[PDB]
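What the coordinates show
Below are the chains, spelled out letter by letter.
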2 protein chains.
Amino acid sequence: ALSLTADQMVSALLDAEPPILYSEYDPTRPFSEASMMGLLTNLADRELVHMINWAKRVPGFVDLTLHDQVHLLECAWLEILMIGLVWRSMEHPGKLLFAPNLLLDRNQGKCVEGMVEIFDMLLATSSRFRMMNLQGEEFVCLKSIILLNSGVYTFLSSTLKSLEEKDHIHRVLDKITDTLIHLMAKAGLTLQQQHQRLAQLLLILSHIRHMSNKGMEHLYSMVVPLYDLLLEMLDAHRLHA
Amino acid sequence: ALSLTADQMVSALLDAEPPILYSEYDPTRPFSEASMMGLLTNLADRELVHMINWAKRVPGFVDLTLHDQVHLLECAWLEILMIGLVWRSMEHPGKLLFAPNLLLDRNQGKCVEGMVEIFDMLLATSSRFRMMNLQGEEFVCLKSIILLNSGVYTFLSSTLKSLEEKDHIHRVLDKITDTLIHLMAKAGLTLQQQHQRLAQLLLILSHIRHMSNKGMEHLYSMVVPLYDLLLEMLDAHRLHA
Ligand SMILES: C[C@@H]1c2c(ccc(O)c2F)O[C@@H](c2ccc(OCCN3CCCCC3)cc2)[C@H]1c1ccc(O)cc1
Ligand SMILES: C[C@@H]1c2c(ccc(O)c2F)O[C@@H](c2ccc(OCCN3CCCCC3)cc2)[C@H]1c1ccc(O)cc1
């Protein structure tokens, strides 16, 4: 991601994409019996595992220390889930596609105490992406930027090592900027359209941070720390090579 | 802000800048007696009044309906305060310059229940701006983008009027993007440096939304709605022309 071309970055990314998962519940039994938050919570958890594997495939992420990988993910996991949710609901107006067998509208979100507010923001985002006609090439770049950027300023202290982490990370963010502009340039936008489209895309990133923050406010609006779980997943051995 | 040049936009903005205010407390009496949150709260409130007048001077803001002006400000007021705080603390390492007679460090932030966490994030932001060597021309563009962008996706419904609001607003955001790139171009960056610097600046915008959200979480971690106060200030007469 520095001597890797833009079409090189883009290709790794499109390839690193996590799989789409199904909601688990018997489609032969009624819906009134299926806790939605249970449904949504078990899904989110199943997706997280897959998200760690993705993150190790994002250029420059694994050249980071283990602590710094845990921290970035701890800061960004919900943003990354939500932009994924948003992206896959793009061609599904008024609906959130949580899973292929779980397509929900805002009226269904009213079932959970204070959840419709969140649903309305996600749908609004999906509508913007659709209005912008966001492309897969673009979307995977956006996701990588969220991973790299959201915790980068919460690397409190600054040993020599941590300072190098930050340098490395902004470097990678810069090459991802380079990759987004090239995608736009290949697509035939003009110079002006390029930078205008870059700004529209990054500003959406502020709206996804907001939903994540509102989301953690809800998620806690109610076992083992998340660091520990994360760290346990990221600190893998190499015995299963 | 569409047939207004970039040097035209920049000039209005630098001119619309609010004044810097002092903290009110007798400098002849000790500090142990001065409630910091009282100090900080009365300051924030005094700044808000000034912020409304600024916002009416930001290109395109007043062509918006009154409701939409109230909403944008209600969504962004704390982000706008904080980036201002951050900017003026730039050349004051390890310190937050709340007022000229109120320069504080993180140890002083420990005095308030859970406030040091916020102080650490603001200082971190000020350090990034200093590391980026953010310019006043740039900073005023950033602030205008925060005003215009933070609520733009929380314009729930979509009457014909609201849709036009949104069109107008993204248009204004686009010309502000154009203004930032031109400032950079005049400054002699390269094409690549331009877009890389654009991205670094907008991504900081996500970190300021995060601090605002954590900030409202603290601010409420404890009279007349804020809409109403805002609306009362924005819905001025023209009798004092
Ligand atoms: C939009 C969210 C969502 C999902 C499921 C999949 C998905 O991709 C999602 F993005 O369900 C909710 C969901 C997401 C995350 C959850 O986290 C559960 C805790 N678990 C997360 C990973 C580490 C282990 C802890 C639970 C529900 C939802 C949500 C989030 C916040 C909120 O206030 C209301 C609904
Ligand atoms: C960083 C903040 C700040 C200030 C003062 C001036 C300033 O420019 C600031 F940015 O003090 C705190 C401050 C800011 C806003 C406040 O709001 C008070 C309510 N008032 C705001 C405007 C409408 C009327 C309600 C109070 C304290 C602080 C803060 C914010 C959040 C937090 O969790 C801890 C400290």
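Residues numbered from 1 in each chain as written, not as in the entry; some residues may be left out. Chains lettered and ligands numbered in written order. Heavy atoms only, no water. Residues with missing side-chain atoms left out of burial classes, pairs and counts.

Residues and elements named next belong to chain B. Neighbouring ligand 2 are 20 residues, the closest being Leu40, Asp45, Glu47, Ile118 and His218. The contact in question runs from an oxygen atom of ligand 2 to an N or O atom on the side chain of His218, over 2.7 Å. When residues of the shell around ligand 2 are traced back to their parent elements, those giving at least two are α2 (36-55), α3 (66-88), α5 (116-132) and α8 (191-219). Take the shell around ligand 2: its biggest share by element is seven residues, from α2. The residue makeup of the shell around ligand 2, split by class, is 14 nonpolar, three polar and three charged. (Near = heavy atom within 4 Å. Polar contact = N/O pair within 3.5 Å; in protein donor to acceptor, adjacent residues only side chain to side chain. Helix = DSSP H or I, 4+ residues; strand = E, 2+ residues; numbered from the N terminus. Nonpolar A, V, L, I, M, F, W, Y, C, P; charged D, E, K, R; others polar.)

Evaluation of the coordinates by the stated rule reveals six aromatic pairs over all chains. When the centroid spacing of 6.1 Å and the interplanar angle of 65° are considered together, the rings of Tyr25 of chain A and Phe31 of chain A count as edge-to-face. A relative accessible area of 25% means that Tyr25 of chain A is categorised as partly exposed. We classify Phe31 of chain A as partly exposed; its relative accessible area is 35%. Here the aromatic rings of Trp87 of chain B and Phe139 of chain B are separated by 4.6 Å at their centres, their planes lie at 5°, and the arrangement is stacked. (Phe/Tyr/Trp six-rings, centres within 6.5 Å; stacked < 30°, edge-to-face > 60°. Buried < 20%, exposed > 50% of the residue type's maximum accessible area, 1.4 Å probe, protein only.)

There is about 1400 Å³ of room inside the largest pocket. The wall of the largest pocket is formed by 40 residues, among which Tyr153, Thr154 and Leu156 of chain A together with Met121 and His210 of chain B lie closest to the centre. Looking at the lining of the largest pocket, the elements that each hand over two or more residues are α3 (66-88), α7 (160-186) and α8 (191-219) of chain A together with α5 and α8 of chain B. Sort the elements by how many residues they give to the lining of the largest pocket and α5 of chain B lands first, with ten residues. (1 Å grid on protein atoms, 1.4 Å probe; cavity = no way out; pocket = protein on both sides within 12 Å on 5 of 7 lines; lining within 4 Å. Points joined across faces, edges and corners; volume = space filled by probe spheres on them.)

This part is about α3 of chain B. At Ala76 of chain B, α3 of chain B shows its maximal kink, close to 55°. Among the 23 residues that make up α3 of chain B, 17 are buried, leaving the element largely enclosed by the rest of the structure. (Bend = angle between axes of the 7 residues up to and from the residue.)

On to the site of ligand 1, then. Residue and element names in this part refer to chain A. With respect to spatial proximity, 20 residues lie near ligand 1, and among them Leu40, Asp45, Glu47, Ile118 and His218 are the closest. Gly215 is positioned with one of its backbone polar atoms (N or O) 3.3 Å from an oxygen atom of ligand 1. Here ligand 1, which alone exposes 700 Å², has 91% of that area covered by the protein. Elements that contribute at least two residues to the shell around ligand 1 include exactly α2 (36-55), α3, α5 (116-132) and α8. When residues in the shell around ligand 1 are grouped by element, the largest group, seven residues, is from α2. Here the residues of the shell around ligand 1 are counted per class, giving 14 nonpolar, three polar and three charged. (Areas by Shrake-Rupley, 256 points an atom, 1.4 Å probe, with all protein chains shown as cover.)

The residue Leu205 of chain A is located in helix α8 in this model. Exposure remark for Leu205 of chain A: the relative accessible area of 3% places this residue in the buried category.

We now examine the environment of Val112 of chain B. All names here are of chain B. Residue position: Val112 is located in the loop between α4 (106-109) and α5. Accessibility expressed as a relative area gives 16% for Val112, which makes it buried. Taking the C-alpha atoms as reference, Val112 lies 41 Å from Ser162; in sequence the two are 50 residues apart.

Attention now goes to the relation of the copies chain B and chain A. Each copy of the sequence occupies a distinct position, and chain B is placed on chain A by a rotation of 180° and an axial shift of 0.0 Å, giving an RMSD of 0.0 Å. Viewed as a symmetry operation, the transformation between the two copies matches a two-fold axis. Taking C-alpha positions as the reference, the residue of chain B nearest the rotation axis is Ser206 of chain B, at 2.2 Å. (Least-squares fit on C-alpha atoms.)

This part takes up the UniProt feature "binding site: 17beta-estradiol" in chain A. Residue and element names in this part refer to chain A. In this structure's numbering, the residues bearing the UniProt feature "binding site: 17beta-estradiol" are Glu47, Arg88 and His218. In sequence the annotated residues extend across 172 residues, and in space they extend as well, their farthest C-alpha pair lying 22.7 Å apart. Following the sequence through the fold, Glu47 ends up in helix α2. Those residues in contact with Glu47, other than ones at most four positions away along the chain, are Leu21, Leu81 and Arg88. Relative to the assigned elements, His218 resides in helix α8. Of the residues examined, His218 reaches a relative accessible area of 13% and is grouped as buried. (UniProt positions renumbered as here; feature names shortened; annotations may be inferred. Contact = heavy atoms within 4.5 Å.)

For the rest of this paragraph, the subject is the pattern of salt bridges. Residues and elements named next belong to chain A. The full count for this structure, using the stated rule, is 16 salt bridges over all chains. The salt bridge partner of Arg106 is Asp120, with a shortest N-O separation of 2.5 Å. Taken as a pair, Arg106 in helix α4 (residues 106-109) and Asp120 in helix α5 lie far apart in primary sequence, 14 residues in all. Residue classification places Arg106 among the partly exposed residues on the basis of a relative accessible area of 35%. (Salt bridge = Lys/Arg side-chain N within 4 Å of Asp/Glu carboxyl O.)

Right, let's get into the pairing of strand β1 (residues 96-99) of chain B. Residue and element names in this part refer to chain B. Where β1 and strand β2 (residues 102-104) come together, three bridges link them in antiparallel fashion. Residue pairing in the sheet places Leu96 in a bridge with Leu104 of β2. Connecting the antiparallel pair β1 and β2 is a turn made up of two residues. (Pairing = 2+ DSSP bridges.)

The subject of this paragraph is the side chain of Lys175 of chain A. Residue and element names in this part refer to chain A. Assignment of secondary structure puts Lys175 in helix α7. Buried and without a salt bridge, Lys175 has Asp178 as its closest oppositely charged side chain, separated by 4.7 Å. In this view, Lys175 contacts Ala1, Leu2, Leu4 and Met9; residues no more than four positions away in its chain are not counted. (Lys, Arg positive; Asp, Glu negative; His and termini not counted.)

Okay, the environment of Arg57 of chain A next. Residue and element names in this part refer to chain A. Its location among the elements puts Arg57 in the loop between α2 and α3. Assessed through its relative accessible area of 47%, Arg57 is described here as partly exposed. For the pair formed by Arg57 and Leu134, sequence separation is 77 residues and the distance between their alpha carbons is 22 Å. Those residues in contact with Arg57 that lie beyond four places of it in its chain are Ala12, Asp15 and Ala16. Looking at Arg57, its side chain comes within polar contact range of the main-chain oxygen of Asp15, at 3.4 Å.

This part is about the packing of helix α1 (residues 6-16) of chain B against helix α7 (residues 160-186) of chain B. Geometry of a packed helix pair, given as the angle between the helix axes and the separation of the axes. All names here are of chain B. Orientation of α1 relative to α7, taken along the N-to-C sense of each, is 100°, at an axis distance of 9 Å. As summarised for this structure, α1 and α7 are arranged roughly perpendicular, according to the angle between their axes. Listed contacts from α7 to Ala6, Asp7, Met9 and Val10 of α1 are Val172, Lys175, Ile176, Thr179, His182, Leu183 and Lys186. (Axes fitted to C-alpha atoms, helices over the stretch in contact; angles between N-to-C directions. Parallel < 35°, antiparallel > 145°, perpendicular 65-115°, else oblique.)

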